[PDB]
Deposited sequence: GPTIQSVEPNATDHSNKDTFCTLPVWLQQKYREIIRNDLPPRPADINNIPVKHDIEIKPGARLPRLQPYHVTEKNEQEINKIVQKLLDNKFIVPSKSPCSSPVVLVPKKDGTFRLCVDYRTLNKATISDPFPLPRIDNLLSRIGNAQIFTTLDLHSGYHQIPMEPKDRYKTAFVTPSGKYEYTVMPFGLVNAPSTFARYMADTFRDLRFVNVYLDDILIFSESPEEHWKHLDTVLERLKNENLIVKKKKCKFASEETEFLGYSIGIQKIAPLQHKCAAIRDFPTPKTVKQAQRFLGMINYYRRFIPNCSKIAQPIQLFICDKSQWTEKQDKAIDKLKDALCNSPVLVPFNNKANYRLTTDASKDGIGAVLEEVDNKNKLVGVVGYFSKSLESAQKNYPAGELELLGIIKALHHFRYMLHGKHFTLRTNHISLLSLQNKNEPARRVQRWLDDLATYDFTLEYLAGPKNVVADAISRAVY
């Protein structure tokens, strides 16, 4: 876990200045702009009431930013409030609650290729290197014209951003459009939304490759957040896929969740499994007659022999194939459904017609969890959305959840404390919340309640 030393000394020395671990103060391309919805009002919000110590800590950060030239003071005619986020580290984070802004701003998502068309490029590559720029946050200039829109307000101040803060609605497209612009003409570099992938077929050619990409970054006055990068290694991770020499295969397959879904022991476990299948009973040739061996065990008394074992695996196979599964498309209307709990999270992304109703599923999600459970469950939900990052990109969807912290985003006012730390990442998804209570959470629950 020290892969920079792994690359030649002449490269180490050439780009030492731009492969840093902390952002130096601003040195001054394409910019981030904020186009407002015709007839929308920019926010004119007061700051949130915080305690003495907290505001001290708020001011500590404003200084660090002022000193970094990321913000200058404003006399802006609008303002958004601010939430201090107490990292797990003892440190602190200033998050600007740009929800009211984001509502009033147009979205211009940058069109990205299918991931599988990108992975097709790596071909017979032998070394890979990934570079992190943290999506160009705090680097990409705000458009001078649009800076006042970013204006935050603390209990005793009013500053505006000069570079691209977190929390703004079209951020990752800006960085995406940027990377396309600088790197689209190199057949050895894959770029998408986050990392830059560099692939070559020999470490010989690789250094000449890195030389070009790092130069181009250096000419953009960009900085590579070293600590995140992986340099010239055999294996690397990219776009949720595991990138190998000749082996590309996802970290969590489309159907892993239902495949490794454990065989039931308790009655309840079976009832939950059956309850899930029942939800998509429509997309399957007579599920009522093939769930019989199971349902009978649940119902009255019968042994869980290999006669249930067959029935289960027949129903699993039914969920992992058409017509339960639908070959995703770009113009589709998605809807994500998450239930998290003790121990684990499960979620389901499903297509929906012009009438809000099932056409099928696009992927299931499952993940185990390591305090309190209120905080831990939300992490689960974030990890589910994260999983579906590249598919939900550009799309408006509907997120169903029964997490009272996340649900507080329905109201315009100051959000619940337990959701505030995820305000910045949430802002990059374009979702409508919807409350969830069974039997609509039957799929998600079975996946959730049963971790593997």
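**Student:** Provide the list of deposited-sequence positions lacking C-alpha coordinates, grouped into contiguous ranges.
**Tutor:** Holes in the chain trace, numbered from 1: 1-16, 45-49, 392-396.
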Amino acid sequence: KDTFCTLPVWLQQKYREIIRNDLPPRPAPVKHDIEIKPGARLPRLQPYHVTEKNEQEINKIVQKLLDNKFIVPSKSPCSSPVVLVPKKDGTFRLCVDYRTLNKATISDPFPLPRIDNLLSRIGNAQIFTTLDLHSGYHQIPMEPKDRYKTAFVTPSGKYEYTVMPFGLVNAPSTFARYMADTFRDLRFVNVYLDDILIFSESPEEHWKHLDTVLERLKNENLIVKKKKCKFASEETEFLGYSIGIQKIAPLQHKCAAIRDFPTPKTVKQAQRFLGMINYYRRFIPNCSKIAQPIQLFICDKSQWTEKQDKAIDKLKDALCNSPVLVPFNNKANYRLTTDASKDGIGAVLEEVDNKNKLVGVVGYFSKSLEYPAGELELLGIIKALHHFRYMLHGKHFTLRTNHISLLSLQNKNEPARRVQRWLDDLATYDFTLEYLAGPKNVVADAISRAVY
From here on, numbers count along this sequence of modelled residues.
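**Student:** Per the PDB record, is the mean Cα temperature factor higher over 373-381 or over 241-249?
**Tutor:** The recorded data point to 241-249.
**Student:** Per the PDB record, is the mean Cα temperature factor higher over 296-304 or over 350-358?
**Tutor:** That would be 296-304.
**Student:** For the CA B factor values reported in this entry, which option in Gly90, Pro109, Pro81, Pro141 has the top one?
**Tutor:** If I rank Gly90, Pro109, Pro81, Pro141 by C-alpha B-factor, first place goes to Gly90.
**Student:** In the PDB entry, which of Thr154, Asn170, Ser341, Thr130 has its C-alpha at the highest B-factor?
**Tutor:** Answer for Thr154, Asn170, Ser341, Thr130: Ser341, with the highest C-alpha B-factor.
**Student:** Test of reading the entry: by CA B factor among the chain's modelled residues, which third contains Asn54?
**Tutor:** Top third by C-alpha B-factor.
**Student:** Taking the values exactly as deposited, rank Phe231 by C-alpha B-factor within its chain and report the matching third: lowest, middle or highest.
**Tutor:** Ranked within chain, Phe231 CA B lands in the lowest tercile.
**Student:** Split the chain's modelled residues into thirds by Cα B-factor; is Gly136 in the lowest, middle or highest one?
**Tutor:** Lowest third.
**Student:** Would you mind ranking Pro73 by its C-alpha B-factor against the rest of the chain and naming the third, lowest, middle or highest?
**Tutor:** Middle third, going by the recorded CA B-factors of the chain.
**Student:** Is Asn441 in the lowest, middle or highest third of its chain when residues are ranked by C-alpha B-factor?
**Tutor:** Highest third of the chain for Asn441's C-alpha B-factor.
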